[PDB]
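Notes for the one structure printed next.
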Amino acid sequence: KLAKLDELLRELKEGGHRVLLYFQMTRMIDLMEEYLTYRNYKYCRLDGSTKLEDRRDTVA
DNA sequence: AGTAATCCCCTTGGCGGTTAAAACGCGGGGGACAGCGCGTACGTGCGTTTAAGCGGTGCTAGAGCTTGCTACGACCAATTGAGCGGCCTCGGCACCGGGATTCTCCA
């Protein structure tokens, strides 16, 4: 998945697309967040551990 | 019926500052501590006598155990209001300042 995601994210970013990724596991949000920091992608995160003001602002 | 995400809450950890409490220096005083002399008060030994300890005899109070039952507490279901959790407020206690009284110490 992460291989095919990395190809797809490259095709999308070269396309100028903007993307939402859904996870059933929040630990996969941690692992994915490492991969994103190890590449050029600016990103945001929401899950069930975030406080509500952080949800407000990250969506904004 | 199970296991994981979501979300509340409450505890731990960090950052800044501010200031009040801990640390540091130094003179001197007076209290700790070793030293001395005496004298009286406690340990010792003896002769005295006192009664604690032992072996023995006698009695009856009352500790200890069984029997019998009925009075009193355990248990349950229905009723209700006394007592708890939450919200409010105002008045008691603290906190400050300032002048008055007290206490301390060197003269």
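So you know, we letter chains A, B, ... as the sequences are listed, proteins then strands, and number each from 1. Computed from heavy atoms alone, side chains included, the values below leave out hydrogens, waters and symmetry copies.
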Give the rounded distance in Å between these two atoms: [atom1] of [X] and [atom2] of [N].
X       : N     : atom1 : atom2 : answer
A:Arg45 : B:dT6 : CZ    : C1'   : 13 Å
A:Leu46 : B:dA5 : CG    : P     : 16 Å
A:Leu52 : B:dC7 : CG    : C1'   : 8 Å
A:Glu53 : B:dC8 : CD    : P     : 12 Å
A:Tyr22 : B:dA5 : OH    : P     : 17 Å
A:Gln24 : B:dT6 : CD    : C1'   : 14 Å
A:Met25 : B:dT6 : CE    : P     : 12 Å
A:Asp47 : B:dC7 : CG    : P     : 10 Å

Item to complete: Would you indicate, yes or no, if B:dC7 has its OP1 or OP2 atom less than 4.0 angstrom from a side-chain nitrogen or oxygen of A:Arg55?
Response: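 Yes.
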Worksheet item: Taking OP1 and OP2 of B:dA5, is either one under 4.0 Å from a side-chain nitrogen or oxygen of A:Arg27?
Response: yes
Interatomic distance at [atom1], [N] relative to [M], whole Å:
N      : M      : atom1 : result
B:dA21 : B:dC96 : P     : 12 Å
B:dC87 : B:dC9  : P     : 14 Å
B:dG97 : B:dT19 : P     : 14 Å

Item to complete: Show the numbers, then the answer: is there a side chain to side chain contact (heavy atoms under 4.5 Å, CB included) between A:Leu5 and A:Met32?
Response: CA-CA 10 Å; A:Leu5 181 68; A:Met32 185 72 198; 3.5 Å; yes
Worksheet item: Where each pair must be Watson-Crick or G-U wobble with both distances under 3.5 Å, what dot-bracket representation of DNA chain B is obtained, with crossing pairs in [ ] and other-strand partners as |?
Response: ...........................................................................................................
Discussion item. Are there over 12 heavy-atom neighbours, none belonging to A:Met28, within less than 6.0 Å of that residue's CE?
Written reply: yes
Fill in: Other residues, nucleotides, ligands: >12 heavy atoms within 6.0 Å of A:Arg18 CZ
no
Worksheet item: Would A:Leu21 and A:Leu46 show up in the same hydrophobic cluster when neighbours are defined by side-chain heavy atoms closer than 4.5 Å?
Response: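 No, no single cluster joins them.
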Worksheet item: Any side-chain heavy atom of A:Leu9 sitting closer than 4.5 Å to one from A:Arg39?
Response: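 They are not in side-chain contact.
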Worksheet item: Is it true that A:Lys4 and A:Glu7 make a salt bridge, defined as a side-chain N closer than 4.0 Å to a carboxylate O?
Response: yes
Worksheet item: Between A:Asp30 and A:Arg45, is there a side-chain N and carboxylate O pair less than 4.0 Å apart?
Response: yes
